[PDB]
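Topology and contacts: notes
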Amino acid sequence: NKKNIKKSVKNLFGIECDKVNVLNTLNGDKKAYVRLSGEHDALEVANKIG
Amino acid sequence: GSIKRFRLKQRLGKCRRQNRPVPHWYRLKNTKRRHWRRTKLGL
Amino acid sequence: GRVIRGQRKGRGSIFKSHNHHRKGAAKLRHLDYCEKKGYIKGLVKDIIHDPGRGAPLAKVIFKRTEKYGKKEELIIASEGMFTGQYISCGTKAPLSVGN
Amino acid sequence: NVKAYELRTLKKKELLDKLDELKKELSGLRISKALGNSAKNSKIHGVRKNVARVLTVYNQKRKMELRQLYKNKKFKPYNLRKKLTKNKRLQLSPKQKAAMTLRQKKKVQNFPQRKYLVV
Amino acid sequence: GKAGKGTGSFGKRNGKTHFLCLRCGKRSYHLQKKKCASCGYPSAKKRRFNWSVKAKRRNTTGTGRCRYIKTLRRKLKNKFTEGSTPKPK
RNA sequence: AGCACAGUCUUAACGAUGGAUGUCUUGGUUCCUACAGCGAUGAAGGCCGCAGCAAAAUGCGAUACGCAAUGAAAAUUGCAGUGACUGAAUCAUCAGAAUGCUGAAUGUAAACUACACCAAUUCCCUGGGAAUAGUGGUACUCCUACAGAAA
RNA sequence: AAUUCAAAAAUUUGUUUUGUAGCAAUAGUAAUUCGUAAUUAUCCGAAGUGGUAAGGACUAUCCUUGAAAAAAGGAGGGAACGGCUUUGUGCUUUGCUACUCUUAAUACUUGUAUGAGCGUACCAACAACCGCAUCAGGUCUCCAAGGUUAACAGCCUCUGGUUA
RNA sequence: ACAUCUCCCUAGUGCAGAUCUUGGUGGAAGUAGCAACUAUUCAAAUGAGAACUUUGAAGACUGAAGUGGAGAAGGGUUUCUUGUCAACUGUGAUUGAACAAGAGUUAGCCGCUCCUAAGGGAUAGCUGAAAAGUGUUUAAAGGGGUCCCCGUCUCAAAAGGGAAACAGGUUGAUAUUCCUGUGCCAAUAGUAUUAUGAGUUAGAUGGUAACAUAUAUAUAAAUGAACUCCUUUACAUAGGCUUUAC
RNA sequence: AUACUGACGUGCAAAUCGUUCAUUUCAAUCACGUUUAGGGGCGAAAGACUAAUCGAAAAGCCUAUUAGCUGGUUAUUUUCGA
RNA sequence: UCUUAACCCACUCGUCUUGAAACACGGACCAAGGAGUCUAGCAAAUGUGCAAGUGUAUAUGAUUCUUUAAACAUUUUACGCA
RNA sequence: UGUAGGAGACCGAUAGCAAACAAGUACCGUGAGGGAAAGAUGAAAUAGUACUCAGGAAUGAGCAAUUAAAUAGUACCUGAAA
RNA sequence: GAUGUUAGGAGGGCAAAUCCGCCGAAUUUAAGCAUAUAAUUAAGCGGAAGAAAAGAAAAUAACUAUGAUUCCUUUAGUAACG
């Protein structure tokens, strides 16, 4: 659920989340768009994770 | 339709997943296959 | 043969009464001490139509005999009665139309 | 790669810490897999089987600890009582089944059936 | 006329009257009266019959997973005392 | 570099087409022998999952084609990887540990991941320190006990 | 509306200037140049037809009078009622005057103190539906341009689509 | 792998036919036939190969009761890009709704989600061997106030009722959902501070009336319990008239 | 769905096509939800209709139902023969 | 042996039928499958053993226990039929 | 009946369990339900078709090549008839 | 008798071959059919076990009397019903 993802992402990475949108795919996997806050800037954090 | 109930959507995905052909490396060690147009899922 | 047309009419399927717009049953104010020993005067507030029968129904207000405030009943209307008429019920009520 | 018996001695905090560490590694392997990388894809199986092993040891350790706490007492939680069949659980104790009325007991004691031989 | 009993009328089919059924997985839960054709769902009982031999064999014990019965097999032959282990090496 | 009529029919040799025949047979079959109930300690059944590369069948259940432990016991391999010099690889055994959502299904529901109410709950450390909206409980009927309400 | 000047009241009327009323031009669209993103210029004065749709006020028709609740609101009623200090058993008598409301912000505790879960592709028939199938069949709703015209008819035309 | 005629036991034992069964196959035959839906042509590209792939130029048709937009049921990845031609695409085919490989569906505001209707399923009883048939018919039954008062539970609308959202832009494929702007709606606990305005030395004013009145970053705030009484929710059809919008 | 007893009738369709025609504010039409089930339902009544199935639906079983009736009823030679 | 000839002869088989070459029915072709059985009880026939008897039933017994689920055995008024 | 053993004067892939194969599967039906087809290379594919030539491609051919055998070439035993 | 998320416990469902209660047909046979027959069968519904049910004389006999229950062999195609 969205709340759990937001907490989880903050725990797992330096990310803080402005808004989290989710969708259930056909294949059985959930896809979460996590919109980053201006507290950090995504590109570096993305580069570090992959 | 546009809308579905979650169980039905998940099932439609399951059938779609089921279709996927046999993996090509496996043959180097099919008979049953959904095709959408003439062979309805029905469920 | 098979079940005749008359028999089918009874059997509680589609032939049930056409309920939907009916305004509720017409039955007089139930018997109590206040009526039995005297009279109670009520107000006809409205006359309203009914999809079932030719007679109109009469919306009658009483004030309750053991609790505060007004309670509404549905009486079947006598001819020549009217909205804003006082309607009286009981052993001592006077002989007058719609009492 | 690590083996059960070496794990079994260890303190519970350390065991849990090790499990958390393996989970993090496992996540890293998956992140690699999701990217275009092929190189370390074989190693994830090892990590996962190791994760499973660590979990088994900890759960078993807890089970023993819980049983040790709930010695005697006549009132274990249902889970720790016997997992014999429903038909067995309902049934009489042998001690009860065996037991007999006093006169019958007197009768058996006085006249037991006996062993004998003939010409 | 043009809605005719054969092909015109067959065209007019829209809306299944059965859905999936929790207890059967066989698409036979009759929506309007909330009831399964192949198990009676809100009724506790399975909905067997002795007339359909074929129906019994296509849904009897041993067709499915047997998630507990399979495990219990062999136990009778071994007859191990409960909660016991084999002694270490 | 010449000669044959064509068609239709018949014959023989060599072919196509087809899958009979014969031969097999990790299957059926019947009889005989033997044991023989599972479930609120949550079954049968159904879903839903689960592999590095994986669809079904098989297997298994969020530790997920297997974990532990015991007995065998050096390889396992399609590639990739992982292994000995015997709790490591492979089997078999299988008792420990683990057993998703359901389903009699039992908090109210149901074409719903909808909805209550009461406990906040769990872990670590030897009386403290951390986590997590998570986790339990709460059907109908009954029986023994007990309770405070009525005669 | 703001503003201006003229005539007012111990803060009005008359006259002028502004603003697409704010949102609003930075956004659109048609242009125009230069790099190979950047600028410039435009964006408004009168009116008619009545095709659609909504509303208003209504009139008539009925041996037919045309759902219900969730939810919300209003009123009648007059229960309850300073704060602080204090003897005595919420109450009583003494001493004192910033009090009762009410938005919004803030800080701290209280489980982690803001927005749950599910649907959202595409066809909807001309090939995606059903009819044993790419079947001249059947299948629910809204949108409605110009000319001719009683006309949402029929004929031809624009937008859009197609030339299978 | 096979015989047994030496003798003899044993049987699902010998086919042309049953409008037999099953599987295969001919003549009929390169035939019937591939006829609805106004109709196509020229040049270029791609390719082994183009009447029906793509592009340009013509000529045409559909003709806003549309082969145009949206949507419902049903279908269910048919979408998109990239490949691509074994079979299929009743001609051809480099095409394609086929095959292969990846990819795609983002909401406090749009819906579901909540409410009740026609109705459904249960509870109390009672029947019935049971299965079931009934739904308050002998109920000690669910909530609200603080010992009193209400009082069957539950499902049943994706076109009835219904808290709140619009514009522009953007992707190969989504958008009232992403991006930018602007808002709106709903929550928003206790305790303590602050600031905002009211009333007071326990409840404001105006207006003859119909009635009006808080413009504070914010029209926040105008005492009110039990118990009551309303109203909105909330409704047919026909006909004309009129006003605004497009 | 009237007429053409027109097209088609190895269909474009197990009821289609063309032209003609009846119907349009009401005993009107449609959608969806909902109700009633097999000697039963439903019927502005044709024994109509109840999923191409109706003077008794569809499915399985009793059931390899039963049939003085039809069809079929398998190598040779030899002997006697209606 | 096959192959054509030639003289002479020669009607579609199966079939039900008083009477089929039939203007009677079934047969396009081919391959494989495809139909008087089994049990019960009764009868005669004939074979075989014993003979006023006969059958050893159920069952027991055995150094009988791959075969053997058969064979073997049955201390001087069991039962059937006679 | 479920499961485990053991058997046979039983069946031999159109048989025998419907089912020797990924079978209660595919497929059909609104549904109750209905419900298949399809076994065999060779000793060894750890022998499964290298190489050249003609082909756009399929394929073909070879003086080339696995095999005892490829007229055993993955439609893989034998290979009748129409 | 109510009431209790009071404390401990139990029942529900699946599985049926054999097993136990109910409830209960007809096709059929009779060359028709009505009583009989099919059959205390099939279907329907409830419940158990490794077996169950039955069982320790309100029995049979009419003898020189036997002596819980079940099963086999039998009486017996008989007494009897129709």
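The deposited coordinates for this entry were obtained by cryo-EM, with a reported resolution of 6.7 Å.

For chain D, the PDB entry supplies the name 60S ribosomal protein uL29 and the organism Plasmodium falciparum 3D7.

Chain B is annotated in the PDB entry as 60S ribosomal protein eL39 of Plasmodium falciparum 3D7. Among the UniProt annotations of chain B, the heading Sequence similarities (unreviewed entry) holds the following wording: "Belongs to the eukaryotic ribosomal protein eL39 family."

Comments concerning a nonpolar patch on the surface
On the surface, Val-22, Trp-25, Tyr-26 and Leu-28 of chain B cluster together to form a nonpolar patch covering roughly 510 Å² of accessible area. Given the relative accessible area of 36%, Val-22 of chain B is considered partly exposed.

So, the sheet that holds strand β2 (residues 57–63) of chain C
Residue and element names in this part refer to chain C. Sheet architecture is open: four strands sit in the order β3-β2-β1-β4, paired in antiparallel fashion. Each end of this open sheet is capped by a strand with a single partner; those strands are β3 (70–76) and β4 (86–89). Each strand of the sheet is rotated relative to its neighbour by a mean of 40 degrees, with strand direction disregarded. Two strands pair when backbone bridges link them, and strand β1 (residues 40–48) and β2 are joined in this way by five bridges, in the antiparallel orientation. Of the residues in β2, the one forming a bridge with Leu-43 is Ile-61.

Looking at the interface of chain A and chain B
Counting from both sides, the interface comprises five residues of chain A and, opposite them, five residues of chain B. Carbon and sulfur atoms make up 43% of the surface buried where chain A meets chain B, a total of about 470 Å² over both sides.

Quick notes on the sheet that holds strand β1 (residues 18–19) of chain E
Residues and elements named next belong to chain E. Here three strands make up an open sheet; going across it, the order is β1-β2-β3 and the pairing antiparallel. In the strand order of this sheet, the two ends are held by β1 and β3 (35–36), each with one partner. Where β1 meets strand β2 (residues 29–30), two bridges bridge the pair, whose relative direction is antiparallel. Looking across to β2, one finds that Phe-19 is bridged to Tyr-29.

The rules we used
Residues numbered from 1 in each chain as written, not as in the entry; some residues may be left out. Chains lettered and ligands numbered in written order. Part of a larger assembly, values for the part shown. Heavy atoms only, no water. UniProt positions renumbered as here; feature names shortened; annotations may be inferred. Patch = residues over 30% accessible without salt bridge, like charges linked within 9 Å, V, L, I, M, F, W, Y side chains within 5 Å. Areas by Shrake-Rupley, 256 points an atom, 1.4 Å probe, with all protein chains shown as cover. Salt bridge = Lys/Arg side-chain N within 4 Å of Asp/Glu carboxyl O. Buried < 20%, exposed > 50% of the residue type's maximum accessible area, 1.4 Å probe, protein only. Pairing = 2+ DSSP bridges. Helix = DSSP H or I, 4+ residues; strand = E, 2+ residues; numbered from the N terminus. Axes fitted to C-alpha atoms, helices over the stretch in contact; angles between N-to-C directions. Contact = heavy atoms within 4.5 Å. Buried area = accessible area lost by both parts, 1.4 Å probe.

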